[PDB]
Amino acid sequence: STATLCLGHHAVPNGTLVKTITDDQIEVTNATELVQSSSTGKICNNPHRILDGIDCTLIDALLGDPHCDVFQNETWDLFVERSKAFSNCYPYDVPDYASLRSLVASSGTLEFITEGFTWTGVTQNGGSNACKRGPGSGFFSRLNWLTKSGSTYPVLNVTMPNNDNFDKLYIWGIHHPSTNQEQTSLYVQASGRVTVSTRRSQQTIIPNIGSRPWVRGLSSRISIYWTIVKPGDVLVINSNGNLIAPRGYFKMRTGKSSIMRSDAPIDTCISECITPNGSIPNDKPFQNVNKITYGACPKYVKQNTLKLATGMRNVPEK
């Protein structure tokens, strides 16, 4: 003669707590995690081209530290620098090292073209036992250490025009002897100088005599500088001592290349997003693994978990 019809909704025994506007924690039937917080620990070798630096920093691969010769003309999407890397050539510094590293890292190639510089009245291919190649003394593969020829070291004045349709990166340097005796027996002049210039820019470096700490037997040092030469422009190198000459130029590219410090092993797999901790999936919008990232990555956030409600409020039957 009558009937009852009740309307209702489901509930689950094991709900999930989530945050809302008015509530710090409130139970819903189900939620999904928006913060990626784990990694396999391994950098996947696809889709990006990963070059493992192994024992070499990018700068040592650039300059041509003998034990980094395997990297000649190499290219990368991501260059990985390992903490076990070491230098083993002439002791050197790079004023604004960070920038040279950055700009080479970003170019994504160590492709090097040898040019025929003619160095008149000086001895070429100087080497050191601080930089052994084979059993004998050696030097950076992309630099040419010039010294006196006989009793003289003249004013070098060489030119090299960029007639190509791309930018040329020239790496060069200056030698800082440890004593005046050393300065004069290598370069004759008591005071050297190096002036490298293009049509719109110039750099002039004076060397500084004096002792530094012993590194691989030497109190002396080399300082590295660089010069970009645009198409139509022209390089002029001018020196009366202490020049560490370039042997040619590195080709400059633009693209998606970069560099990363990580000790994560590289592995055969596919992952768009790379962190120093290893590759991570990018299905979630945020991540808590590392602020350092490369590729299509979630945005780094401080939260370790953020739950997005995927169901109604959970009101269990009781």
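When you see a residue number, it is the position in the sequence shown, counting from 1.
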*In the PDB record, does 94-102 or 233-241 carry the higher mean Cα temperature factor?*
233-241
*Per the entry, where is the mean C-alpha temperature factor higher: 105-113 or 194-202?*
194-202
*Checking the entry, which one of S178, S223, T147, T227 has the top C-alpha B factor?*
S178
*Quick one: which of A264, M260, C269, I59 shows the highest Cα temperature factor in the PDB entry?*
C269
*asked:* Which third, lowest, middle or highest, does the C-alpha temperature factor of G41 belong to within its own chain?
replied: highest
*Sorting the chain's modelled residues by C-alpha B-factor, tell me whether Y170 ends up in the lowest, middle or highest third.*
lowest
*Can you work out whether the C-alpha temperature factor of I280 puts it in the lowest, middle or highest third of the chain?*
middle
*Would the CA B-factor of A11 place it in the lowest, middle or highest third of its chain?*
middle
*Taking the C-alpha B-factors as the PDB entry records them, is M312 in the lowest, middle or highest third of its chain?*
lowest
